[PDB]
file coords.txt (compact mmCIF, N, CA and C atoms)
# COMPACT_ATOMS: atom_id res chain seq x y z
N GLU A 1 -18.81 10.92 6.34
CA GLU A 1 -19.20 9.71 7.06
C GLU A 1 -18.07 8.70 7.00
N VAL A 2 -17.71 8.12 8.14
CA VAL A 2 -16.61 7.16 8.18
C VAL A 2 -16.96 5.86 7.46
N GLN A 3 -15.93 5.21 6.95
CA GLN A 3 -16.03 3.88 6.35
C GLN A 3 -15.20 2.94 7.21
N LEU A 4 -15.67 1.70 7.38
CA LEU A 4 -15.01 0.73 8.25
C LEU A 4 -14.61 -0.51 7.47
N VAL A 5 -13.39 -0.99 7.68
CA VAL A 5 -12.89 -2.21 7.05
C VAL A 5 -12.21 -3.08 8.10
N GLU A 6 -12.69 -4.32 8.25
CA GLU A 6 -12.11 -5.25 9.22
C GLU A 6 -11.04 -6.13 8.60
N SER A 7 -10.07 -6.51 9.42
CA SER A 7 -9.09 -7.49 9.00
C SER A 7 -8.67 -8.32 10.21
N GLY A 8 -7.89 -9.36 9.97
CA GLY A 8 -7.32 -10.16 11.04
C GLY A 8 -7.95 -11.53 11.19
N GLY A 9 -9.02 -11.79 10.45
CA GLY A 9 -9.66 -13.08 10.49
C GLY A 9 -8.76 -14.20 10.02
N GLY A 10 -9.09 -15.41 10.44
CA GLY A 10 -8.39 -16.60 10.02
C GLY A 10 -8.92 -17.78 10.80
N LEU A 11 -8.30 -18.93 10.61
CA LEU A 11 -8.63 -20.08 11.44
C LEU A 11 -7.59 -20.23 12.52
N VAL A 12 -7.99 -20.79 13.65
CA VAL A 12 -7.08 -20.99 14.77
C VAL A 12 -7.62 -22.15 15.61
N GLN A 13 -6.72 -22.84 16.31
CA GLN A 13 -7.09 -23.94 17.20
C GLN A 13 -7.88 -23.42 18.37
N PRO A 14 -8.78 -24.25 18.91
CA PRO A 14 -9.38 -23.91 20.20
C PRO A 14 -8.28 -23.66 21.23
N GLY A 15 -8.46 -22.63 22.04
CA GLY A 15 -7.43 -22.22 22.97
C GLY A 15 -6.54 -21.13 22.40
N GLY A 16 -6.59 -20.93 21.09
CA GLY A 16 -5.72 -19.96 20.45
C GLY A 16 -6.21 -18.52 20.55
N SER A 17 -5.42 -17.61 19.98
CA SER A 17 -5.71 -16.18 19.98
C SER A 17 -5.76 -15.62 18.56
N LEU A 18 -6.55 -14.56 18.39
CA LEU A 18 -6.55 -13.78 17.17
C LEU A 18 -6.68 -12.33 17.59
N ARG A 19 -6.21 -11.43 16.74
CA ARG A 19 -6.42 -10.00 16.94
C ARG A 19 -7.05 -9.41 15.69
N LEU A 20 -8.25 -8.87 15.85
CA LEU A 20 -8.96 -8.26 14.74
C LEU A 20 -8.74 -6.76 14.76
N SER A 21 -8.73 -6.17 13.57
CA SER A 21 -8.58 -4.73 13.43
C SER A 21 -9.76 -4.18 12.67
N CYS A 22 -10.27 -3.05 13.14
CA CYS A 22 -11.31 -2.30 12.46
C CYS A 22 -10.68 -0.96 12.08
N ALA A 23 -10.43 -0.76 10.79
CA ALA A 23 -9.79 0.45 10.32
C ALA A 23 -10.83 1.41 9.80
N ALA A 24 -10.84 2.62 10.35
CA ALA A 24 -11.74 3.67 9.90
C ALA A 24 -11.04 4.63 8.95
N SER A 25 -11.81 5.19 8.02
CA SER A 25 -11.28 6.10 7.02
C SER A 25 -10.94 7.48 7.59
N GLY A 26 -11.34 7.71 8.84
CA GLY A 26 -11.08 8.98 9.50
C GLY A 26 -11.26 8.86 11.00
N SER A 27 -11.10 9.97 11.70
CA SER A 27 -11.22 9.99 13.15
C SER A 27 -12.53 9.38 13.62
N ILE A 28 -12.44 8.52 14.63
CA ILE A 28 -13.62 7.96 15.26
C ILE A 28 -13.66 8.36 16.73
N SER A 29 -12.76 9.27 17.11
CA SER A 29 -12.65 9.70 18.49
C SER A 29 -13.95 10.31 19.02
N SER A 30 -14.78 10.80 18.10
CA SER A 30 -16.01 11.49 18.47
C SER A 30 -17.25 10.60 18.35
N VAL A 31 -17.07 9.40 17.80
CA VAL A 31 -18.16 8.45 17.65
C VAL A 31 -18.65 7.98 19.01
N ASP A 32 -19.96 7.99 19.23
CA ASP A 32 -20.50 7.62 20.53
C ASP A 32 -20.01 6.23 20.93
N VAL A 33 -20.16 5.28 20.01
CA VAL A 33 -19.84 3.88 20.30
C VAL A 33 -19.24 3.18 19.08
N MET A 34 -18.11 2.52 19.28
CA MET A 34 -17.55 1.62 18.28
C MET A 34 -17.73 0.21 18.82
N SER A 35 -18.28 -0.68 18.00
CA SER A 35 -18.65 -2.01 18.46
C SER A 35 -18.07 -3.10 17.58
N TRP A 36 -17.86 -4.26 18.20
CA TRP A 36 -17.62 -5.50 17.48
C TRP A 36 -18.83 -6.41 17.65
N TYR A 37 -19.32 -6.92 16.52
CA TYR A 37 -20.41 -7.89 16.46
C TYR A 37 -19.89 -9.17 15.84
N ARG A 38 -20.66 -10.23 15.98
CA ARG A 38 -20.33 -11.44 15.24
C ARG A 38 -21.62 -12.14 14.83
N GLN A 39 -21.56 -12.89 13.73
CA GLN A 39 -22.71 -13.68 13.34
C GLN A 39 -22.24 -14.99 12.73
N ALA A 40 -22.78 -16.08 13.25
CA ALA A 40 -22.51 -17.42 12.75
C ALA A 40 -23.70 -17.86 11.91
N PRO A 41 -23.50 -18.84 11.01
CA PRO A 41 -24.60 -19.32 10.17
C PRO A 41 -25.81 -19.77 10.99
N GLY A 42 -27.00 -19.33 10.58
CA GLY A 42 -28.23 -19.73 11.22
C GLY A 42 -28.51 -19.08 12.57
N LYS A 43 -27.63 -18.19 13.01
CA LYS A 43 -27.78 -17.55 14.31
C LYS A 43 -27.91 -16.04 14.17
N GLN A 44 -28.37 -15.39 15.23
CA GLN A 44 -28.50 -13.94 15.24
C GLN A 44 -27.12 -13.30 15.28
N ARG A 45 -27.03 -12.08 14.80
CA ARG A 45 -25.85 -11.26 14.96
C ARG A 45 -25.83 -10.82 16.42
N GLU A 46 -24.68 -10.93 17.06
CA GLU A 46 -24.53 -10.65 18.48
C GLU A 46 -23.51 -9.56 18.74
N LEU A 47 -23.87 -8.61 19.59
CA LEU A 47 -22.91 -7.63 20.08
C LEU A 47 -21.90 -8.32 21.00
N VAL A 48 -20.61 -8.17 20.71
CA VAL A 48 -19.56 -8.84 21.46
C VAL A 48 -18.86 -7.90 22.46
N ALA A 49 -18.56 -6.68 22.01
CA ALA A 49 -17.83 -5.72 22.84
C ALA A 49 -18.00 -4.35 22.23
N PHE A 50 -17.86 -3.32 23.05
CA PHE A 50 -17.87 -1.96 22.53
C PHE A 50 -16.94 -1.08 23.33
N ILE A 51 -16.57 0.03 22.72
CA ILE A 51 -15.80 1.06 23.39
C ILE A 51 -16.42 2.42 23.05
N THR A 52 -16.68 3.23 24.06
CA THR A 52 -17.32 4.53 23.84
C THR A 52 -16.30 5.61 23.51
N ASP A 53 -16.81 6.76 23.07
CA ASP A 53 -15.96 7.93 22.81
C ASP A 53 -15.06 8.26 24.00
N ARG A 54 -15.56 8.02 25.21
CA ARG A 54 -14.81 8.32 26.43
C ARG A 54 -13.94 7.16 26.89
N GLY A 55 -13.98 6.05 26.16
CA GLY A 55 -13.08 4.94 26.43
C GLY A 55 -13.63 3.86 27.33
N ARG A 56 -14.91 3.95 27.67
CA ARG A 56 -15.56 2.94 28.50
C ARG A 56 -15.80 1.71 27.64
N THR A 57 -15.55 0.52 28.19
CA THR A 57 -15.75 -0.72 27.45
C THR A 57 -16.69 -1.66 28.19
N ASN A 58 -17.36 -2.55 27.46
CA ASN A 58 -18.09 -3.64 28.09
C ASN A 58 -18.12 -4.81 27.12
N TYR A 59 -18.51 -5.98 27.63
CA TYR A 59 -18.31 -7.26 26.95
C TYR A 59 -19.51 -8.16 27.14
N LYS A 60 -19.81 -8.92 26.10
CA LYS A 60 -20.73 -10.03 26.17
C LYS A 60 -20.24 -10.95 27.29
N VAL A 61 -21.16 -11.45 28.08
CA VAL A 61 -20.80 -12.23 29.26
C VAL A 61 -19.89 -13.42 28.92
N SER A 62 -20.19 -14.09 27.82
CA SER A 62 -19.44 -15.29 27.44
C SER A 62 -17.97 -15.03 27.04
N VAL A 63 -17.60 -13.76 26.83
CA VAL A 63 -16.23 -13.44 26.39
C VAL A 63 -15.47 -12.61 27.42
N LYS A 64 -16.16 -12.16 28.46
CA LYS A 64 -15.52 -11.32 29.45
C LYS A 64 -14.37 -12.07 30.13
N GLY A 65 -13.20 -11.43 30.22
CA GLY A 65 -12.05 -12.06 30.82
C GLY A 65 -11.12 -12.70 29.80
N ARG A 66 -11.57 -12.87 28.56
CA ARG A 66 -10.68 -13.41 27.54
C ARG A 66 -10.65 -12.61 26.23
N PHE A 67 -11.55 -11.64 26.05
CA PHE A 67 -11.48 -10.70 24.92
C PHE A 67 -11.20 -9.31 25.47
N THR A 68 -10.51 -8.50 24.68
CA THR A 68 -10.26 -7.11 25.04
C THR A 68 -10.46 -6.23 23.82
N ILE A 69 -11.30 -5.21 23.96
CA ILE A 69 -11.47 -4.22 22.91
C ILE A 69 -10.66 -2.99 23.29
N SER A 70 -10.04 -2.37 22.29
CA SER A 70 -9.24 -1.19 22.53
C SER A 70 -9.24 -0.32 21.28
N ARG A 71 -8.68 0.87 21.42
CA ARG A 71 -8.71 1.82 20.33
C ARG A 71 -7.40 2.59 20.27
N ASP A 72 -6.98 2.92 19.06
CA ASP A 72 -5.86 3.82 18.85
C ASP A 72 -6.36 4.98 18.01
N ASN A 73 -6.62 6.11 18.66
CA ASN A 73 -7.20 7.26 17.97
C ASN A 73 -6.26 7.88 16.94
N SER A 74 -4.96 7.78 17.19
CA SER A 74 -3.98 8.34 16.27
C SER A 74 -3.94 7.53 14.98
N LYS A 75 -4.47 6.31 15.02
CA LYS A 75 -4.50 5.45 13.85
C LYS A 75 -5.91 5.23 13.33
N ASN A 76 -6.90 5.78 14.03
CA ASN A 76 -8.30 5.57 13.68
C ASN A 76 -8.62 4.08 13.59
N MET A 77 -8.23 3.36 14.64
CA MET A 77 -8.35 1.91 14.68
C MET A 77 -9.08 1.48 15.93
N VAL A 78 -9.80 0.37 15.83
CA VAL A 78 -10.35 -0.30 16.99
C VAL A 78 -9.97 -1.76 16.86
N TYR A 79 -9.50 -2.36 17.95
CA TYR A 79 -9.01 -3.73 17.92
C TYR A 79 -9.88 -4.62 18.79
N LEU A 80 -9.95 -5.90 18.42
CA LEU A 80 -10.52 -6.91 19.29
C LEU A 80 -9.48 -8.02 19.48
N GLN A 81 -8.89 -8.08 20.67
CA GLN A 81 -7.98 -9.16 21.02
C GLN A 81 -8.80 -10.30 21.58
N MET A 82 -8.68 -11.48 20.98
CA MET A 82 -9.47 -12.63 21.40
C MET A 82 -8.54 -13.74 21.86
N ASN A 83 -8.74 -14.19 23.09
CA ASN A 83 -7.93 -15.25 23.67
C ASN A 83 -8.79 -16.43 24.08
N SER A 84 -8.15 -17.58 24.28
CA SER A 84 -8.82 -18.79 24.73
C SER A 84 -10.07 -19.05 23.89
N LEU A 85 -9.89 -19.04 22.58
CA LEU A 85 -11.02 -19.14 21.66
C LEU A 85 -11.66 -20.53 21.72
N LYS A 86 -12.98 -20.56 21.57
CA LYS A 86 -13.77 -21.78 21.59
C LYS A 86 -14.42 -21.97 20.22
N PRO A 87 -14.76 -23.21 19.87
CA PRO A 87 -15.52 -23.43 18.63
C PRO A 87 -16.75 -22.51 18.53
N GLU A 88 -17.42 -22.23 19.64
CA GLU A 88 -18.61 -21.39 19.64
C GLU A 88 -18.34 -19.94 19.27
N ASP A 89 -17.07 -19.55 19.23
CA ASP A 89 -16.69 -18.20 18.83
C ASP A 89 -16.53 -18.06 17.30
N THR A 90 -16.67 -19.17 16.58
CA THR A 90 -16.63 -19.17 15.12
C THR A 90 -17.75 -18.31 14.57
N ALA A 91 -17.41 -17.36 13.70
CA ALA A 91 -18.39 -16.44 13.15
C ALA A 91 -17.71 -15.45 12.24
N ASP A 92 -18.51 -14.74 11.44
CA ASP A 92 -18.04 -13.51 10.82
C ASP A 92 -18.09 -12.39 11.85
N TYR A 93 -16.99 -11.67 12.01
CA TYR A 93 -16.92 -10.56 12.96
C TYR A 93 -16.98 -9.24 12.20
N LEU A 94 -17.84 -8.33 12.65
CA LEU A 94 -18.06 -7.07 11.96
C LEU A 94 -18.00 -5.93 12.93
N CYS A 95 -17.43 -4.81 12.51
CA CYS A 95 -17.47 -3.66 13.38
C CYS A 95 -18.55 -2.67 12.95
N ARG A 96 -18.89 -1.79 13.87
CA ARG A 96 -19.97 -0.84 13.70
C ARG A 96 -19.60 0.46 14.40
N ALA A 97 -19.99 1.58 13.80
CA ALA A 97 -19.82 2.90 14.37
C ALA A 97 -21.22 3.50 14.51
N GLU A 98 -21.57 3.97 15.71
CA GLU A 98 -22.89 4.54 15.95
C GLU A 98 -22.83 5.83 16.75
N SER A 99 -23.59 6.82 16.29
CA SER A 99 -23.87 8.02 17.08
C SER A 99 -25.33 8.41 16.88
N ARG A 100 -26.07 8.51 17.97
CA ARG A 100 -27.45 8.96 17.91
C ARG A 100 -27.51 10.43 17.51
N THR A 101 -28.64 10.83 16.93
CA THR A 101 -28.83 12.23 16.57
C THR A 101 -28.65 13.11 17.80
N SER A 102 -27.99 14.25 17.61
CA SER A 102 -27.74 15.19 18.70
C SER A 102 -27.57 16.59 18.16
N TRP A 103 -27.53 17.57 19.05
CA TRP A 103 -27.39 18.96 18.65
C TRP A 103 -26.20 19.19 17.72
N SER A 104 -25.03 18.69 18.11
CA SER A 104 -23.82 18.90 17.31
C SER A 104 -23.67 17.86 16.20
N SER A 105 -24.39 16.75 16.33
CA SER A 105 -24.43 15.72 15.30
C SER A 105 -25.87 15.41 14.92
N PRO A 106 -26.53 16.34 14.23
CA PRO A 106 -27.97 16.22 13.96
C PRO A 106 -28.29 15.02 13.07
N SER A 107 -27.36 14.65 12.20
CA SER A 107 -27.50 13.47 11.36
C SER A 107 -26.98 12.24 12.10
N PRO A 108 -27.83 11.21 12.24
CA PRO A 108 -27.40 10.00 12.93
C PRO A 108 -26.31 9.25 12.16
N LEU A 109 -25.41 8.60 12.90
CA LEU A 109 -24.38 7.77 12.31
C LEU A 109 -24.67 6.31 12.64
N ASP A 110 -24.73 5.48 11.61
CA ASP A 110 -24.84 4.04 11.79
C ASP A 110 -24.19 3.40 10.58
N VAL A 111 -22.95 2.96 10.76
CA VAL A 111 -22.14 2.40 9.69
C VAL A 111 -21.62 1.03 10.12
N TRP A 112 -21.72 0.07 9.21
CA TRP A 112 -21.21 -1.28 9.42
C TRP A 112 -20.03 -1.53 8.50
N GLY A 113 -19.07 -2.33 8.96
CA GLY A 113 -18.07 -2.90 8.07
C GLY A 113 -18.65 -4.12 7.36
N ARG A 114 -17.86 -4.75 6.51
CA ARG A 114 -18.34 -5.93 5.78
C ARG A 114 -18.03 -7.24 6.49
N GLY A 115 -17.04 -7.23 7.38
CA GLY A 115 -16.74 -8.40 8.18
C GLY A 115 -15.43 -9.10 7.85
N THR A 116 -14.93 -9.85 8.83
CA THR A 116 -13.77 -10.71 8.65
C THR A 116 -14.10 -12.06 9.29
N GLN A 117 -13.66 -13.15 8.66
CA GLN A 117 -14.08 -14.49 9.02
C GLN A 117 -13.18 -15.13 10.07
N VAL A 118 -13.79 -15.57 11.17
CA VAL A 118 -13.06 -16.25 12.25
C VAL A 118 -13.54 -17.69 12.37
N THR A 119 -12.62 -18.64 12.29
CA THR A 119 -12.96 -20.04 12.44
C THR A 119 -12.12 -20.66 13.54
N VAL A 120 -12.78 -21.20 14.56
CA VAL A 120 -12.06 -21.83 15.65
C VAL A 120 -12.31 -23.31 15.51
N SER A 121 -11.30 -24.02 15.03
CA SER A 121 -11.48 -25.42 14.71
C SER A 121 -10.14 -26.13 14.67
N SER A 122 -10.16 -27.43 14.89
CA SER A 122 -8.99 -28.25 14.68
C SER A 122 -9.26 -29.11 13.45
call {"tool": "encode", "arguments": {"input": "coords.txt", "output": "structure tokens"}}
result
Amino acid sequence: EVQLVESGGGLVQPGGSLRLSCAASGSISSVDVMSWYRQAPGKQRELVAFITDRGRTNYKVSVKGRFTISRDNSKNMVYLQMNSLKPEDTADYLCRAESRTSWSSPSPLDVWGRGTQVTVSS
């Protein structure tokens, strides 16, 4: 079972950029979905972006056009490039690996990282 560790968090000015990394302990090329989530104090955890095994991506409406999720299979990495950051993007960002039960993967996969802290503030 893969293990996930996030890095790249920090503080940045509104309008600024950050790049987060989700490092997996092994190949994630076969994982149905790799996701980035975020959670701010007192709020629900929110799905921000995902990339499928086949490379299809989608985005939370509020970040579309300024965030990009991508993957490097040779490095077992998933990245979240964040641009034009707003105070409302402040949160702990966490990655997740999910695969539903299937014939070739009878055991379900649902693994979370511990998170990296993003603060958008002046």
call {"tool": "residues_around", "arguments": {"input": "coords.txt", "residues": "range 107-120 of chain A", "least_positions_apart": "3", "cutoff": "9 Å", "atoms": "only C-alpha atoms", "output": "ChimeraX atom specification"}}
result
/A:1-16,18,20,22,31,38,85-102,104
call {"tool": "closest_residue", "arguments": {"input": "coords.txt", "among": "A:37, A:70, A:28, A:121", "to": "residue 53 in chain A", "atoms": "all atoms listed in the file"}}
result
A:28
call {"tool": "atom_distance", "arguments": {"input": "coords.txt", "atom1": "atom C of residue 51 in chain A", "atom2": "CA of residue 19 in chain A"}}
result
17.1 Å
call {"tool": "select_by_dssp", "arguments": {"input": "coords.txt", "residues": "chain A", "states": "strand (DSSP E)", "output": "JSON, numbers by chain"}}
result
{"A": [4, 5, 6, 7, 10, 11, 12, 18, 19, 20, 21, 22, 23, 24, 33, 34, 35, 36, 37, 38, 39, 46, 47, 48, 49, 50, 51, 52, 57, 58, 59, 67, 68, 69, 70, 71, 72, 77, 78, 79, 80, 81, 82, 91, 92, 93, 94, 95, 96, 97, 98, 99, 109, 110, 111, 112, 116, 117, 118, 119, 120]}
call {"tool": "atom_distance", "arguments": {"input": "coords.txt", "atom1": "CA of residue 25 in chain A", "atom2": "CA of residue 106 in chain A"}}
result
20.7 Å
call {"tool": "closest_residue", "arguments": {"input": "coords.txt", "among": "A:78, A:24, A:50, A:66", "to": "residue 36 in chain A", "atoms": "only N, CA and C atoms"}}
result
A:50
call {"tool": "atom_distance", "arguments": {"input": "coords.txt", "atom1": "atom C of residue 26 in chain A", "atom2": "CA of residue 45 in chain A"}}
result
25.2 Å
call {"tool": "decode", "arguments": {"input": "coords.txt", "residues": "range 88-106 of chain A", "atoms": "N, CA, C and O atoms", "output": "CSV table (one decimal), in the first residue's frame"}}
result
chain,number,residue,atom,x,y,z
A,88,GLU,N,-8.7,33.2,0.8
A,88,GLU,CA,-9.7,32.1,1.0
A,88,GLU,C,-9.0,30.8,0.6
A,88,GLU,O,-9.7,29.7,0.9
A,89,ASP,N,-7.9,30.8,0.0
A,89,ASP,CA,-7.2,29.5,-0.3
A,89,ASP,C,-6.3,29.0,0.9
A,89,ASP,O,-5.7,28.0,0.8
A,90,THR,N,-6.2,29.8,1.9
A,90,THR,CA,-5.5,29.4,3.1
A,90,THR,C,-6.1,28.1,3.7
A,90,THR,O,-7.3,28.1,4.0
A,91,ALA,N,-5.3,27.1,4.0
A,91,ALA,CA,-5.8,25.9,4.5
A,91,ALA,C,-4.6,24.9,4.6
A,91,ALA,O,-3.5,25.2,4.1
A,92,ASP,N,-4.8,23.8,5.3
A,92,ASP,CA,-4.0,22.6,5.2
A,92,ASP,C,-4.3,21.9,3.9
A,92,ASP,O,-5.5,21.6,3.7
A,93,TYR,N,-3.3,21.6,3.1
A,93,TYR,CA,-3.6,20.9,1.8
A,93,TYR,C,-3.1,19.4,2.0
A,93,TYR,O,-2.0,19.2,2.5
A,94,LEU,N,-3.9,18.5,1.6
A,94,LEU,CA,-3.6,17.0,1.8
A,94,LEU,C,-3.9,16.3,0.5
A,94,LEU,O,-4.8,16.6,-0.2
A,95,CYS,N,-3.0,15.3,0.2
A,95,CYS,CA,-3.3,14.5,-0.9
A,95,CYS,C,-3.9,13.2,-0.5
A,95,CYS,O,-3.8,12.7,0.6
A,96,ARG,N,-4.5,12.5,-1.5
A,96,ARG,CA,-5.2,11.3,-1.3
A,96,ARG,C,-5.0,10.4,-2.5
A,96,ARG,O,-5.0,10.9,-3.7
A,97,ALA,N,-4.9,9.1,-2.3
A,97,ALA,CA,-4.9,8.1,-3.3
A,97,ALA,C,-6.1,7.2,-3.1
A,97,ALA,O,-6.3,6.6,-2.0
A,98,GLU,N,-6.9,7.0,-4.2
A,98,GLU,CA,-8.1,6.1,-4.1
A,98,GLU,C,-8.2,5.2,-5.3
A,98,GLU,O,-8.1,5.6,-6.4
A,99,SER,N,-8.5,3.9,-5.0
A,99,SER,CA,-9.0,3.0,-6.0
A,99,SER,C,-10.1,2.1,-5.4
A,99,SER,O,-9.9,1.5,-4.4
A,100,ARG,N,-11.2,2.1,-6.1
A,100,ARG,CA,-12.4,1.3,-5.7
A,100,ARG,C,-12.0,-0.2,-5.9
A,100,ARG,O,-11.2,-0.5,-6.7
A,101,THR,N,-12.7,-1.1,-5.1
A,101,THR,CA,-12.5,-2.5,-5.2
A,101,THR,C,-12.8,-2.9,-6.7
A,101,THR,O,-13.7,-2.4,-7.3
A,102,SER,N,-12.0,-3.8,-7.2
A,102,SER,CA,-12.1,-4.3,-8.6
A,102,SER,C,-11.5,-5.7,-8.7
A,102,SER,O,-10.8,-6.2,-7.8
A,103,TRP,N,-11.8,-6.3,-9.9
A,103,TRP,CA,-11.3,-7.6,-10.1
A,103,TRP,C,-9.7,-7.8,-9.9
A,103,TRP,O,-9.3,-8.7,-9.2
A,104,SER,N,-9.0,-6.9,-10.4
A,104,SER,CA,-7.5,-6.9,-10.3
A,104,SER,C,-7.0,-6.2,-9.0
A,104,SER,O,-5.9,-6.5,-8.6
A,105,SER,N,-7.9,-5.4,-8.5
A,105,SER,CA,-7.6,-4.7,-7.2
A,105,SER,C,-8.7,-5.0,-6.2
A,105,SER,O,-9.4,-4.1,-5.9
A,106,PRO,N,-8.8,-6.2,-5.7
A,106,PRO,CA,-10.0,-6.6,-4.9
A,106,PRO,C,-10.0,-5.9,-3.6
A,106,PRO,O,-11.1,-5.6,-3.0
